[PDB]
Amino acid sequence: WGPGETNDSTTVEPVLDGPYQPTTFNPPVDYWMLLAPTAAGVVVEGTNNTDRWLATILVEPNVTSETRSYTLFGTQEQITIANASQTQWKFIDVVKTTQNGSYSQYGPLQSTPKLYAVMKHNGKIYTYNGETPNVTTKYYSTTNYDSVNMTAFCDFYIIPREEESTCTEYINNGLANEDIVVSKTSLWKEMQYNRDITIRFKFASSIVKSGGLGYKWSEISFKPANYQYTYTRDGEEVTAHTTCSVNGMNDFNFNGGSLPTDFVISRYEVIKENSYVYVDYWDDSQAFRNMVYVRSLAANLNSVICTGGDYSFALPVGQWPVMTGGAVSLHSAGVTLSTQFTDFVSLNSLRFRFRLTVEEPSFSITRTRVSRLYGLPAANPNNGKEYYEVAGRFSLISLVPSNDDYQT
Amino acid sequence: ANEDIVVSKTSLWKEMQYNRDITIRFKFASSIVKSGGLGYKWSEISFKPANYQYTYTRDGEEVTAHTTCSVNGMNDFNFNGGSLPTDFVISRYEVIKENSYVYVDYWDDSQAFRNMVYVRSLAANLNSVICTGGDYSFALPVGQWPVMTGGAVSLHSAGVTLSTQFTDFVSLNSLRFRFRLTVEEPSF
Amino acid sequence: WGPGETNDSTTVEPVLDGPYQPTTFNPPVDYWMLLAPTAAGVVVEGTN
């Protein structure tokens, strides 16, 4: 008995984390900001506003010593620049330490892929430098490293530090027809059973987080959940196993924006009227031993309520949204038998399909305008409970061998 | 309450084996929905159960077989060109891999297939096939239309499942062959 | 004869498209741009 095959909803894998628009933000620590601009000029600025204004500038290839008017932090400034490379773009880091302070150029980096990377760590700003295909990194010590913003005026990505092995190669290279009898005649009769049943089951969810800063998730999906227990019926102790799965779920997604600090749920599934919940039940009882060749199946099962649990999203900053509310009542949508035939043995399953009907209260997510939706979330379907239960009658009509027969 | 009653008397049954030559045919379906906005963001490009009916001569017997093809265990991929309204985005599409399988449900009308109930055991020996991926354009209001190309997956025989839905008097049967996948060149 | 329940999934009502970031582009005809500022000053600019 037991294991069916109804799995789904797997996902792999954001590699660049998506293009982010030109904005001013404060990326985290131990994470590399990767710049791959499309037009020359200013690319990124870093400002602490008391003693540190850094500005990285991209000079086109085959540009000689000349002065240009670049708007650095909202004000025009005459910056002198030169590049000996006829084909390779040149990154220069113009820095000052006062509001009216002097601009001083550091670097350069002559690189064909037009890729640059920066990060903050332990009181310094590390950046890429050197030459291709022999690129390396350098650093500049800076006080108050943890409060400096990094404002980009061009598209960029964010890559974790632990994937430095991928960051380096990124910077380097970029992205007849007959009937045969087998046995003689046999002897079987029909036996009708009436028993009682108490199916105990539980939900399980699969939580896969999107790689990046930590503000956005990738997948919060359902997953089949198994359960074992031991219960009494008419004085006999039976050790019953259950396995709950689902189908026909509806995929909701939230997007606060493309900024790396905006909360995004690329997908999370919910059960509604257009869904079902299957409960595969099996035990080692003698009734189930006999129940192989079955003619009819019926059962008078009661209804069960299932509520949504609270899920706290661990954001770096801000008040954590909490998905709360939601609940659905169930009713047995008949029971199906399945028989999977393997090379050497056969496997069975008795799946009680349960249809769904929404009830009160609705679920919501505070501080977020997407509110007052229906359904039971996949974030925490168990609502902190160890199991749900549905109990009732079981009425079976099966085909079994016969004894004390052949006459009246 | 626990009791044991009888509904019918004794009877006689015979364990009889049937070997038949089967030629299954099937097809796939696509359900491509365009999301709100300009027309550069797609919400879903996903499979759909593909029903197909056909008639074929099996050892001179005309047999009308009805099949329904689907895939299970697939993985969810996506693509992004940017959050700008003119950038090509596909939020979630599905793709079959080695971790997945292909389930072809079916039934037909010949006596041998009308008699496959109370099966004790069974097995099928088939060969492998190939399914390649075709072309499809993405209609954009303004700009060259992206088009897809490449990809191919070979199927190899697997087990069978016989599903019987009972609602309280009746039997509702269907057969279902399974196929394991090996992704084969060309890529997509 | 009837097939069993096949595995499926359906998206439903992604009505709120966006939010997008400040940027420049040529919006197409037959499409309302609905702007929602948060501070005073300029909101949208346009030039031929």
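Every residue, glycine among them, receives a Cβ derived from its backbone with ideal geometry; neighbour counts consider all protein chains shown. Quick note: the coordinates plus some simple rules give every number you see, no bench work behind them.
Which one, A:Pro19, A:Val29, A:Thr56, is farthest towards the positive end of the dipole of the range A:1-69 when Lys and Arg carry +1 and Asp and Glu -1 on their Cβ?
The listed residue farthest towards the positive side: A:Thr56.
Consider a paramagnetic label point 7 Å from the Cα of A:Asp146 along Cα→Cβ; state which residues of the range A:21-54 have an amide N under 16 Å from it.
A:26-31, by backbone N distance to the label point.
Rank the residues C:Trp1, B:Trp42 as a footprinting-exposure proxy: fewest other Cβ atoms within 10 Å of their Cβ go first.
C:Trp1, B:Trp42
Starting at 0 and stepping by 10 Å, how many percent of the alpha carbon pairs of the protein assembly as shown end up in each bin?
With 10 Å bins starting at 0, P(r) equals 2, 12, 19, 20, 17, 12, 8, 6, 3, 1, 0, 0.
Given R₀ = 22 Å, FRET efficiency for B:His66-B:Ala124 by Cβ-Cβ distance, to 0.05?
Values: r = 19 Å, r/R0 = 0.84.
The pair B:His66/B:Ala124 has a calculated efficiency of 0.75.
Across the residues of B:70-76, average count of Cβ atoms on other protein chains within 10 Å?
Per residue, the number of nearby Cβ atoms from other chains is 6 on average.
Treating only the Cα positions of the range A:160-259 as identical point scatterers, give the base-10 log of I(q)/I(0) from the Debye formula at each q in 0.11 Å⁻¹.
Cα-only, vacuum Debye calculation for the range A:160-259: -0.76.
Can you give the relative contact order of the range B:1-125 as a percent, counting alpha carbon pairs under 8 Å and 6+ residues apart?
Relative CO of the range B:1-125 lands at 21 percent.
Report the Cα centroid-to-centroid distance between the range A:255-283 and the range A:1-27 in angstrom, as an integer.
One Cα centre to the other: 13 Å.
Could you estimate the translational diffusion coefficient of the range A:338-408 from the Stokes-Einstein equation, with Rh from the Kirkwood formula over C-alpha pairs, at 25 °C and 0.890 mPa s, in whole µm²/s?
Value of D from the Cα-based Kirkwood radius: 132 µm²/s.
Please list, by residue number, every one of the chymotrypsin sites (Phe, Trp or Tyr not before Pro) in the range A:292-343 that is coil in DSSP and has at most 15 other beta-carbon atoms within 10 Å.
Here the chymotrypsin sites (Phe, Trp or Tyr not before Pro) that fit, given the DSSP loop and packing criteria, are A:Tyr293.
Taking just the alpha-carbon atoms of the range B:83-188, what radius of gyration and Dmax come out, in angstrom?
20.5, 61
Given the convex hull of the Cα atoms of the range A:275-408, what is a quarter of its surface area in nm²?
The directionally averaged projection comes out at 13.5 nm².
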